[PDB]
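> I am attaching a structure below and will ask some questions about it afterwards.
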Amino acid sequence: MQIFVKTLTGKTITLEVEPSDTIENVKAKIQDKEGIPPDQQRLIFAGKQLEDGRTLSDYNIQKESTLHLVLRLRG
Amino acid sequence: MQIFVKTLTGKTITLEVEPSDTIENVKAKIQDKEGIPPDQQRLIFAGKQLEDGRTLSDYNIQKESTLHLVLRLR
């Protein structure tokens, strides 16, 4: 399925994910597509900071939902 | 010299740079520190987006200046 990923600047990309992906898998797919380390990715949906071990579908993330990405600057 | 680099939420790093460092060099220094690819970085100084082949001193970025970093999602 396709979701959107959006930063605080409004920049938006599309990302192919599976509903059964863990958040870690989602961050890995962002890293593959964009080169951003997973530990640098804070992903937010509907108020909540998304946790790596949880699954997208369990957060009721939907087809064409948008995750918000914030840069962590962890290094 | 030291400069600061900040995200839109206020996350801050320092970098060791020279006035003659190109913007490409500085992005590569950020990649070294943070793992972020240079072509994924946009750096801004006091409203002005910094261009890869120019140097810090071109923008009158002196010691202890702050730059802001955003992702390009390129």
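So you can find residues: chains in the structure tokens are A, B, ... in the order shown, residues in each start at 1, and ligands are numbered from 1 in order.
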Write down, as an NGL selection string, each residue of chain B that has any atom within 6 Å of an atom of chain A, counting only C-alpha atoms.
:B and (33-34 or 36)
> Apply DSSP to the backbone of this structure and, from chain A, keep only the residues in strand (DSSP E); write these as a JSON list (two decimals) with N, CA, C and O atoms, in the first residue's frame.

[["chain", "number", "residue", "atom", "x", "y", "z"],
["A", 2, "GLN", "N", 0.29, 2.40, -0.33],
["A", 2, "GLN", "CA", 1.06, 3.64, -0.39],
["A", 2, "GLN", "C", 0.61, 4.52, 0.80],
["A", 2, "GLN", "O", -0.59, 4.62, 1.14],
["A", 3, "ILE", "N", 1.61, 5.09, 1.49],
["A", 3, "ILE", "CA", 1.40, 6.16, 2.44],
["A", 3, "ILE", "C", 2.22, 7.38, 2.02],
["A", 3, "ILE", "O", 3.07, 7.33, 1.13],
["A", 4, "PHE", "N", 1.94, 8.51, 2.66],
["A", 4, "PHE", "CA", 2.71, 9.74, 2.52],
["A", 4, "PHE", "C", 3.56, 9.94, 3.74],
["A", 4, "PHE", "O", 3.19, 9.57, 4.86],
["A", 5, "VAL", "N", 4.67, 10.62, 3.51],
["A", 5, "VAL", "CA", 5.53, 11.03, 4.62],
["A", 5, "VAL", "C", 5.79, 12.51, 4.42],
["A", 5, "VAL", "O", 6.27, 12.91, 3.36],
["A", 6, "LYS", "N", 5.53, 13.28, 5.46],
["A", 6, "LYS", "CA", 5.57, 14.75, 5.41],
["A", 6, "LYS", "C", 6.39, 15.32, 6.54],
["A", 6, "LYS", "O", 6.18, 14.98, 7.71],
["A", 7, "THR", "N", 7.28, 16.28, 6.21],
["A", 7, "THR", "CA", 7.99, 17.02, 7.22],
["A", 7, "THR", "C", 7.33, 18.35, 7.58],
["A", 7, "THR", "O", 6.32, 18.76, 6.95],
["A", 12, "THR", "N", 6.85, 16.43, 1.06],
["A", 12, "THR", "CA", 6.06, 15.18, 1.10],
["A", 12, "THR", "C", 6.62, 14.20, 0.05],
["A", 12, "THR", "O", 6.86, 14.56, -1.13],
["A", 13, "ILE", "N", 6.77, 12.95, 0.43],
["A", 13, "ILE", "CA", 7.05, 11.88, -0.51],
["A", 13, "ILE", "C", 6.03, 10.81, -0.30],
["A", 13, "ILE", "O", 5.27, 10.84, 0.67],
["A", 14, "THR", "N", 6.01, 9.89, -1.25],
["A", 14, "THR", "CA", 5.20, 8.69, -1.17],
["A", 14, "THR", "C", 6.07, 7.55, -0.74],
["A", 14, "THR", "O", 7.30, 7.59, -0.98],
["A", 15, "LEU", "N", 5.51, 6.56, -0.08],
["A", 15, "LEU", "CA", 6.31, 5.43, 0.35],
["A", 15, "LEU", "C", 5.43, 4.19, 0.22],
["A", 15, "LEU", "O", 4.33, 4.19, 0.70],
["A", 16, "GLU", "N", 5.94, 3.16, -0.44],
["A", 16, "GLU", "CA", 5.33, 1.84, -0.49],
["A", 16, "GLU", "C", 5.62, 1.09, 0.81],
["A", 16, "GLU", "O", 6.78, 0.95, 1.21],
["A", 41, "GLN", "N", 14.90, 9.29, 12.53],
["A", 41, "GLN", "CA", 13.48, 9.47, 12.11],
["A", 41, "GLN", "C", 12.54, 9.42, 13.27],
["A", 41, "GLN", "O", 12.38, 8.35, 13.89],
["A", 42, "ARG", "N", 11.91, 10.53, 13.59],
["A", 42, "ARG", "CA", 10.75, 10.49, 14.53],
["A", 42, "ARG", "C", 9.50, 10.48, 13.66],
["A", 42, "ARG", "O", 9.33, 11.41, 12.88],
["A", 43, "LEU", "N", 8.69, 9.43, 13.77],
["A", 43, "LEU", "CA", 7.47, 9.35, 13.00],
["A", 43, "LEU", "C", 6.28, 9.55, 13.92],
["A", 43, "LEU", "O", 6.28, 9.03, 15.02],
["A", 44, "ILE", "N", 5.37, 10.41, 13.48],
["A", 44, "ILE", "CA", 4.19, 10.80, 14.26],
["A", 44, "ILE", "C", 2.94, 10.53, 13.44],
["A", 44, "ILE", "O", 2.91, 10.89, 12.24],
["A", 45, "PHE", "N", 1.94, 9.95, 14.08],
["A", 45, "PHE", "CA", 0.60, 9.79, 13.45],
["A", 45, "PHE", "C", -0.47, 10.09, 14.46],
["A", 45, "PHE", "O", -0.44, 9.57, 15.57],
["A", 48, "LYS", "N", 0.61, 10.74, 18.07],
["A", 48, "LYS", "CA", 1.41, 9.74, 18.79],
["A", 48, "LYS", "C", 2.76, 9.61, 18.12],
["A", 48, "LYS", "O", 2.82, 9.56, 16.90],
["A", 49, "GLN", "N", 3.80, 9.51, 18.94],
["A", 49, "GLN", "CA", 5.12, 9.11, 18.45],
["A", 49, "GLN", "C", 5.10, 7.59, 18.29],
["A", 49, "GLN", "O", 4.87, 6.84, 19.25],
["A", 66, "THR", "N", -0.99, 9.88, 6.05],
["A", 66, "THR", "CA", 0.25, 10.62, 6.09],
["A", 66, "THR", "C", 0.93, 10.52, 7.47],
["A", 66, "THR", "O", 0.36, 10.86, 8.53],
["A", 67, "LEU", "N", 2.16, 10.02, 7.47],
["A", 67, "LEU", "CA", 2.97, 10.08, 8.69],
["A", 67, "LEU", "C", 3.77, 11.38, 8.70],
["A", 67, "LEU", "O", 4.24, 11.83, 7.64],
["A", 68, "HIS", "N", 3.93, 11.98, 9.86],
["A", 68, "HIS", "CA", 4.72, 13.18, 9.95],
["A", 68, "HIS", "C", 6.16, 12.78, 10.40],
["A", 68, "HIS", "O", 6.32, 11.92, 11.32],
["A", 69, "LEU", "N", 7.17, 13.33, 9.70],
["A", 69, "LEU", "CA", 8.59, 13.00, 10.00],
["A", 69, "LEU", "C", 9.26, 14.20, 10.60],
["A", 69, "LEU", "O", 9.11, 15.31, 10.08],
["A", 70, "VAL", "N", 9.93, 13.99, 11.71],
["A", 70, "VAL", "CA", 10.73, 15.05, 12.36],
["A", 70, "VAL", "C", 12.14, 14.53, 12.48],
["A", 70, "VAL", "O", 12.36, 13.37, 12.84],
["A", 71, "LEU", "N", 13.10, 15.37, 12.14],
["A", 71, "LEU", "CA", 14.50, 15.02, 12.24],
["A", 71, "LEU", "C", 14.98, 15.06, 13.68],
["A", 71, "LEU", "O", 14.81, 16.09, 14.43]]
> To one decimal place, how far is CA of residue 37 (chain B) from CA of residue 59 (chain B) in Å?
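One can read the CA of residue 37 (chain B) to CA of residue 59 (chain B) distance as 22.6 Å.
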> Quick one: DSSP alpha helix (DSSP H) residues in chain A, as JSON, numbers by chain?
{"A": [23, 24, 25, 26, 27, 28, 29, 30, 31, 32, 33, 34]}
> Give me a file of those residues, with N, CA and C atoms, as a PDB file, in the first residue's frame.

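What ended up in result01.pdb:
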ATOM      1  N   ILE A  23       7.018  -0.471  12.542  1.00  0.00           N
ATOM      2  CA  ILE A  23       7.529   0.877  12.347  1.00  0.00           C
ATOM      3  C   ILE A  23       9.010   0.791  12.007  1.00  0.00           C
ATOM      4  N   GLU A  24       9.720  -0.179  12.583  1.00  0.00           N
ATOM      5  CA  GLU A  24      11.129  -0.304  12.203  1.00  0.00           C
ATOM      6  C   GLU A  24      11.284  -0.616  10.708  1.00  0.00           C
ATOM      7  N   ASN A  25      10.411  -1.459  10.197  1.00  0.00           N
ATOM      8  CA  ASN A  25      10.411  -1.765   8.778  1.00  0.00           C
ATOM      9  C   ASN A  25      10.111  -0.485   7.952  1.00  0.00           C
ATOM     10  N   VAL A  26       9.203   0.343   8.424  1.00  0.00           N
ATOM     11  CA  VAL A  26       8.876   1.606   7.720  1.00  0.00           C
ATOM     12  C   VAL A  26      10.102   2.529   7.657  1.00  0.00           C
ATOM     13  N   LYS A  27      10.766   2.662   8.792  1.00  0.00           N
ATOM     14  CA  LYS A  27      12.008   3.494   8.884  1.00  0.00           C
ATOM     15  C   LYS A  27      13.110   2.934   7.985  1.00  0.00           C
ATOM     16  N   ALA A  28      13.189   1.597   7.889  1.00  0.00           N
ATOM     17  CA  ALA A  28      14.140   0.945   6.991  1.00  0.00           C
ATOM     18  C   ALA A  28      13.837   1.273   5.536  1.00  0.00           C
ATOM     19  N   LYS A  29      12.550   1.349   5.199  1.00  0.00           N
ATOM     20  CA  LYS A  29      12.114   1.689   3.838  1.00  0.00           C
ATOM     21  C   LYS A  29      12.361   3.156   3.501  1.00  0.00           C
ATOM     22  N   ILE A  30      12.197   4.039   4.504  1.00  0.00           N
ATOM     23  CA  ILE A  30      12.638   5.410   4.347  1.00  0.00           C
ATOM     24  C   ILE A  30      14.162   5.513   4.160  1.00  0.00           C
ATOM     25  N   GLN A  31      14.925   4.765   4.927  1.00  0.00           N
ATOM     26  CA  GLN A  31      16.363   4.754   4.819  1.00  0.00           C
ATOM     27  C   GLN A  31      16.719   4.248   3.403  1.00  0.00           C
ATOM     28  N   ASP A  32      16.026   3.225   2.902  1.00  0.00           N
ATOM     29  CA  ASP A  32      16.388   2.687   1.579  1.00  0.00           C
ATOM     30  C   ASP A  32      16.166   3.723   0.505  1.00  0.00           C
ATOM     31  N   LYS A  33      15.076   4.460   0.619  1.00  0.00           N
ATOM     32  CA  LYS A  33      14.593   5.373  -0.424  1.00  0.00           C
ATOM     33  C   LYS A  33      15.297   6.704  -0.312  1.00  0.00           C
ATOM     34  N   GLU A  34      15.588   7.123   0.926  1.00  0.00           N
ATOM     35  CA  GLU A  34      16.072   8.497   1.175  1.00  0.00           C
ATOM     36  C   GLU A  34      17.490   8.559   1.799  1.00  0.00           C
TER      37      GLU A  34
END
> So, with only C-alpha atoms as the atoms that count, which of B:42, B:63, B:68, B:48 lies closest to residue 5 (chain B)?
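Looking at the shortest contact to residue 5 (chain B), the residue is B:68.
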> Rounded to one decimal in Å, what is the spacing between CA of residue 22 (chain B) and CA of residue 61 (chain B)?
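Computing it gives 11.5 Å between the two atoms.
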> From the set B:64, B:32, B:16, B:24, which residue has the shortest atom-to-atom contact distance to residue 50 (chain B), counting only C-alpha atoms?
B:24
> Env of residue 20 (chain A): 9 Å cut, atoms = only C-alpha atoms, seq-sep filter 4 positions within chain, self excluded. Answer as a PyMOL selection string.
chain A and resi 55-58
> Please identify all polymer residues within 9 Å of residue 14 (chain B), counting only C-alpha atoms, omitting same-chain residues fewer than 2 positions from it, and present them as a PyMOL selection string.
chain B and resi 2-6+12+16
